[PDB]
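K.L.:
Only the shape, not the letters, is given here:
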Ligand SMILES: [Ca+2]
Ligand SMILES: [Ca+2]
């Protein structure tokens, strides 16, 4: 398994709505065509700790990291940069952990 | 996504259990990895080149993150390794992280002919440079990260010949 | 451990690298074999050649960079600025000390380059020369503010993209210039000693900016376990072997 | 700071101790005063004498240890392994570099010993010779898996107790052997250079295992304030002054 | 009477001619004035430089010929083959001993030539490159199987005509190449010592076949008064001064 | 090596790395 | 014998059988 | 020539010749003798096609013109053609004499007039300012020969500015000119035909010789938009209502996945 | 010069200088002094027209092209013309500088551009890639002179491969290329006319000089079928239903009866 386009940097606005987009990635299916386990890809760890980055599933094998709004991004206070790690894992099971560095811009 | 941004110059590493291939640089002066550097945009003016490459990896992380990486150069004619046991059989170095962030692998001049073509083909391909986890990357937190950059240059024994046009320049409109 | 003393000032450091001497040459005085103007140039030598520290800029997350033109940044800094405003010509070497220190819990990098003749690109579109006011911002510098299609184009604004060095040439090839990297893991400071680089012996210090110090956050500032999300960067520039000739009225308004 | 280069490979370290030279002797070639077989031995000297890195083992909590027999571990590692399978006899010195680095927040120790002729005990009970397959595990090594009364005894399994060094002699007296300790407070690596130790000049590299690298977690791995509970240990073994004689068909199946 | 010993092997003959030394030069090692790659090449010198005897081919009536590419034929022959599969480049001289003996009642001839760069023709027709599998048959060689309009053309088959040397140049002019004739009236063997012939110092031993030993039944095998209608031909090839550089993973599948 | 025009500009084509790659003190 | 272009490739045409016909030992 | 490869055996050193530091702004001294075990190799290779006199002295096309009514006018600059402009913008200051070869497909009798700066050029053919006493002029027939003349270094400085971070006028001015536009003008070449026969295309091939390059710069990684301007935001469509969008026109290609190439 | 004939009287020897053996792979040492009674003959004859520099250095035609729309393109190879290809395939490796003379019947102003390997050639006349800063280009008028330039030895080896028994790619590949096609490319020459007047035929006469021939080969006894391919089964008719027959096209003539010629 591979995570397409993840070693990467996303960008969220400061006061972003719950449901906004912060990076669009994909997964190449390891030449055996064994699909992804439907709970996965997840976010195991974040760098300081973080909720509200939930990985969503777009139409197909393409996914997306989406702020769910359980935690507000407040740039005038901290923290402003997160390093979530995204954990795809397929049906037979060959995992791939890849980092999405998420920055927070300043809305002013 | 990262081209057009400053974040195309580094990759992000983490603490993993199993060894993963982190980065592959194919040793081509026509590949966009090398051809946009100083060494590559000089060597793209010349149809042939002969010499050794220096590639220096720097890990930007905090002062407590340590790690060992295997930087292997597969010589020409060999497949891209896809296993660390297949990569350690080539020209490799193993660098620790502490008190200095940089380490240089000298990609030596291993070739059948006397000169290698700049526009890479299968007859004179230069091989591959691959970065591996030797033992890990262990940061002071569980989800901590490091940012590995890379620079390239020429060794003193590097030569070029057959000065040609550069493919790194276009002109489609008229400059008025 | 390092110490740099130019008169009435002193720079001290603890975790510092080798000082970069730009193109292997120290700042010198203009020799009689290389001079064109006939009058005797002035030599302040102790009140102009001294460490002037500019305003601190804040390295936050999402900061794309800063640049200071030289000798434009020292135009209101002391008797160097007064001698620049009162003379027709001038030449000067520089000793640029850049300071940013955070912790052993922070991450980040700063490529600190000194570009001779940084002819900045226009912010985009039509054939418009960039403004005098926008390439001469003083000691405040110019926060690079990042590329966007929605950037203001009113009146010859300079380019805002740090990747193309705001003149079209790629960052990462910026290491052909006299540079140092402030990696917070290993060092905290960067000293660059630049001679007078121009194809002319002396020129007008207000019209022409010879050097341009450029600081780019190559890797962003991770705070780590520590609640400090932004660390100041201070730039301390000292003229060295500065001379001026052709004294005249003050060129102000 | 240290650097060990044997051809087509290079070991580099930052926080490293003195290299241990086993019994004060460097690996040499077989002299004509100490040789028995008449034919000229081969000397690969650049493609066999190189750093082969085995698979990484995971130092968790509750890991009792690992061992790799030599030159059994390099049996499928390159032209050293190919020359071992194609020759009747062989001798080789070794340069064993063990790497484990965690942090300044981790605790732990690793006694990394090189035992000549580690005749392993049976896993327990009746007079049963231990198996060929269990003392020749390749580059994967053998996780020591701890003592228990419920250990499998099917087919000459080796002993699983790290305290008795899996041959009945006490750990802690293992420092009579060429060893180093990887204490994560002070160092992260351990280099041991072993000559050819045998009472015979050359022997069959598949039947006889001369050395046996043994790594024991003396003190467990405390993670400290950091969520990393397990750190990999990588073993990089390089043959040195390896020679082989009596060429023949490949001794595989 | 003749004897050729290269280590761990020995060739002996009774009715043998002068040994042919190809182009007057012995196989040598690559000098430092003629080398391009920087790393130190390996030198097996006793386990690769030895007489490897390939499979025997049967000289019947109607046999048009056989050819073995070199160093392709020794790709699974011992540590020479193992060093070829594990290295990026290699050069080697060869000592080719061809053996065919029948009787004083048999008749026949065998032109045994060594062709440098035997670029074989396609078996016929359209612009199609010949296959990798058909010009690399291993130690089994390629029975030439005679010209016909009904020969298989599937997948870049090589040319099957021995008269045009399967590249368009006439047989009988094949004596410009290092050759010997095995005329069963006078001799039974033919030894040809070839140096490394290439316009490059070392190349990949799997992609490029430098030499090509070609044996053609010039005059057919008459049995005479004796009921033996077919006599085996054995080819014993020894590398000589073989060296390899640029060690890497095995280039197999 | 003749100068056919008796001028220095009229001639043909005429004929250390360490100022870069090591600009240290 | 003058070289009018000051180059070795720019010149004109430049100027034992026993490796063949007797390649014996 | 380049240095030969020195032999290196196995080394067990405590000063690593391969752990450096990128932060000091100095490149590595690392040769292949540090990393592997090398052999001696006689290196006869040269970089004599890579020095500035051979890198730049090639006779690039600097400008094209087309005779409209027996008349063309070209101001001498390396700025209309991107391939020679990139090679010149490798450096900051360049001091070079230039020889100027005119390749015209006109058949007949042509005149070039090198008008030095500070005077009125002839605005047409048959103009009175073609009859000049001191302006250097070249008459030639394009059949049987190409014309060629060396313009020496006319600089007003020790070198030409490839880049200028300054302005020609003080702060209060309004027609200020950024860049290298006021710092140096190499005159202009005025072309006319005294016959009518052939074509109209005039190509000006200029070769820099006796070159001295003074401060290295990054090679340009974007296509040029204007001249004397160093911009790189190309505004492709002026008419349609996607007008204020700006392409980048760089040469960095993308790969589908790192650690798979 | 060739050796003189030595005088030889009647000889009654026991070591015959005329009984040899063909099987040893060595040719005979037999001179006419062995077989007959010779006289002294001063031989001033030379073989100075038979050495490789005089055998190959003659300026053979290597390729023809025809300008279609003011444009031609020829990749440099000795493979289209059989008479120079046979003389080169006398040998295995050849190291030679080559001078290239262009014989065109076009009247006007032509341009040759030697495009070195690894870049895009101009795909037409009036293309932007004719305006190049570093590609070596030749402008000439074909009336009053033929153009000529020496391309030195551009080899990536010590010699050119006339024959290559190898492939450019490893065993698992599918687009493998047998022969000398990947081993060396001598660039290409791009022709264009800046006028329109004359003809379209461009002939490229290439003379190998400073030649060093390295391994002798049999001269080819069959006609060539393709290039870079060394085939010789000519497939004459593709349409009709005798299609899969293959002529041989050799030069061995037959006589009606041996021992009667
Ligand atoms: Ca806010
Ligand atoms: Ca804000």
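P.N.:
Looks like it came in fine. Residues are numbered from 1 along each chain as shown, chains lettered A, B, ... in the order given. Ligands and ions are numbered 1, 2, ... in the order given.

K.L.:
Closest to the centroid, which residue in chain B?
P.N.:
residue B:25 (4.2 Å; CA atoms, centre = their mean).

K.L.:
how close does the residue in the stretch 1-150 of chain H that chain F sits nearest to get to chain I?
P.N.:
Closest approach between the stretch 1-150 of chain H and chain F, counting by CB to the nearest CB: residue H:27, at 3.9 Å. Where C-beta positions appear, they are placed from N, C-alpha and C, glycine not excepted. The spacing between residue H:27 and chain I, counted by CB to the nearest CB, to the nearest Å, is 26 Å.

K.L.:
Quick check: the residue of chain A at minimum distance from chain I vs residue A:2, distance?
P.N.:
As assessed by CB to the nearest CB, chain I sits closest to residue A:31 within chain A, at 15.6 Å. Residue A:31 sits 10 Å away from residue A:2, taking CB to CB, to the nearest Å as the criterion.

K.L.:
again, but for residue C:157
P.N.:
Between residue C:157 and residue A:2 the computed distance is 42 Å (CB to CB).

K.L.:
same question, residue C:20
P.N.:
Counting by CB to CB - residue C:20 and residue A:2 are separated by 41 Å.

K.L.:
Roughly how far does residue H:8 sit from residue D:10?
P.N.:
Residue H:8 is 11 Å from residue D:10, by CB to CB.

K.L.:
higher neighbour count, those two?
P.N.:
Taking other CB atoms under 10 Å in any protein chain shown, residue H:8 and residue D:10 do not tie; residue D:10 has more neighbours (28 against 21).

K.L.:
isn't that one right up against residue B:88?
P.N.:
No - applying CB atoms under 8 Å, one finds residue D:10 not in contact with residue B:88, separated by 11.3 Å.

K.L.:
Can you check which residues contact both of those two?
P.N.:
Common contact partners of residue D:10 and residue B:88 (CB atoms under 8 Å, 6 or more residues apart in numbering or on different chains): residue D:51.

K.L.:
just to revisit the earlier point, pick out whichever of residue C:20 and residue A:2 has more residues nearby.
P.N.:
Counted by other CB under 10 Å, residue C:20 and residue A:2 do not tie: residue C:20 has more neighbours, with 24 against 19.

K.L.:
check contacts around the more buried one.
P.N.:
Contacts of residue C:20 (CB under 8 Å, 6+ apart): C:178-180, C:190-193, F:23-25, H:24-26.

K.L.:
Tell me where the stretch 101-250 of chain C has strands.
P.N.:
C:107-116, C:142-143, C:179-181, C:189-194, C:211-222, C:231-247 (DSSP state E, counting those that start in this stretch).

K.L.:
Give the buried residues for the last one.
P.N.:
This points to strand C:231-247. Neighbour-count burial for strand C:231-247, with 16 or more other CB atoms under 10 Å in any protein chain shown as criterion, is recorded at C:231, C:233, C:235-246.

K.L.:
any bit of the biggest helix by length in chain C sitting next to chain H?
P.N.:
For chain C, the helix with the greatest residue count under DSSP state H is helix C:78-86. No - taking CB under 8 Å from any CB of the partner chain as the criterion, helix C:78-86 and chain H are apart, separated by no less than 10.8 Å.

K.L.:
May I see the buried residues of that helix?
P.N.:
In helix C:78-86, counting by 16+ other CB under 10 Å, buried: C:80, C:81, C:82, C:83, C:84, C:85, C:86.

K.L.:
of these, closest to residue A:66?
P.N.:
residue C:81 (52.5 Å; CB to CB).
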